[PDB]
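**Student:**
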Ligand code: HEM
Ligand SMILES: [Sm+3]
Ligand SMILES: [Zn+2]
Ligand SMILES: [Zn+2]
Ligand SMILES: [Zn+2]
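Numbering (the working numbering), first residue to last: 624 to 795.
1. Cβ of residue 629 versus every heavy atom of ligand 3: is any distance shorter than 7 Å?
2. Tell me whether residue 733 is buried or exposed, calling it buried when 16 or more other Cβ atoms sit within 10 Å of its Cβ.
3. Is residue 778 close to ligand 5? I mean its beta-carbon at under 7 Å from any heavy atom of the ligand.
4. Any heavy atom of ligand 5 closer than 7 Å to the Cβ of residue 750?
5. With 16 as the cutoff for other CB atoms within 10 Å, does residue 790 come out buried or exposed?
6. To which residues of the same chain is residue 769 closer than 8 Å at the C-beta, ignoring the five residues directly before and after it?
7. To the nearest angstrom, how far is the alpha carbon of residue 795 from that of residue 707?
8. Based on Cα-Cα distance, which residue from 786, 659 and 745 lies nearest to residue 631?
Here it is in structure tokens:
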């Protein structure tokens, strides 16, 4: 675990930031009979595999996120539609660019986390964890993530409620 952040948010608490990233990102809306090309997503390192999954708002068109690590998907195999693997990074920013002949990247990065070590097996599925984080995110719900963030910061004397600055010191 580590954190990099645009200086603007040095004294922002993690809860606030995400609350504001999600205020604008919205609910991409990935539900039965609504999943089209817009909510799609799109990996990098396969068609349902990769070191990156990254979607962008289908509401303001620009703000987005990108989960790194090792994320194997499972479109229809038991269990149905359920991301899993080794979620390692999450970075929040605006304007998502790249991701084909090259990786996915954020044009104007606002914040980003590293070493989430969140592991989720295909056995657990829809009620797993990396699945939960990433999916919530795609729907504009940061709970799953602050919960796990608190988890990483517990063992550190902090919470998704301290300031980026605060979190920082206590890391590097
Ligand atoms: C890792 C990110 C993703 C997660 C966590 C995920 C999760 C899900 C979930 C929860 C639904 C359920 C809809 C429902 O039952 O109400 C959904 C729908 C769907 N997803 Fe994924 N998905 C993601 C990536 C993908 C990718 C890469 C595609 C490619 C287009 C895809 C295509 C679909 C389709 C079309 C359905 C609907 C099938 C149906 O009507 O039953 N998903 N996804
Ligand atoms: Sm812990
Ligand atoms: Zn800035
Ligand atoms: Zn912003
Ligand atoms: Zn912005």
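C-beta: ideal position from N, C-alpha, C; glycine also.
**Tutor:** According to the structure data:
1. Your numbering for residue 629 matches position 6 in the chain shown. The answer is yes for residue 629.
2. Position 110 of the chain shown holds residue 733. The residue is buried, with at least 16 neighbouring Cβ atoms inside 10 Å.
3. As a working note, residue 778 is residue 155 in the chain shown. Outside the cutoff, so no.
4. Locating residue 750 in the chain shown gives position 127, where the first residue counts as 1. No heavy atom of ligand 5 is found nearer than 7 Å to the CB of residue 750.
5. Here residue 790 refers to the residue found at position 167 when the chain shown is read from its first residue. So residue 790 counts as buried.
6. Numbered from 1 along the chain shown, position 146 holds the residue referred to as residue 769. These residues qualify, in order along the chain: 637, 638, 641 and 783.
7. For the purposes of this step, residue 795 is taken as the residue at position 172 of the chain shown. For the purposes of this step, residue 707 is taken as the residue at position 84 of the chain shown. The straight-line gap from Cα to Cα measures roughly 29 Å.
8. Here residue 631 is taken as the residue at index 8 of the chain shown, counted from 1. Looking at the Cα atoms, 786 is the closest of the given residues.
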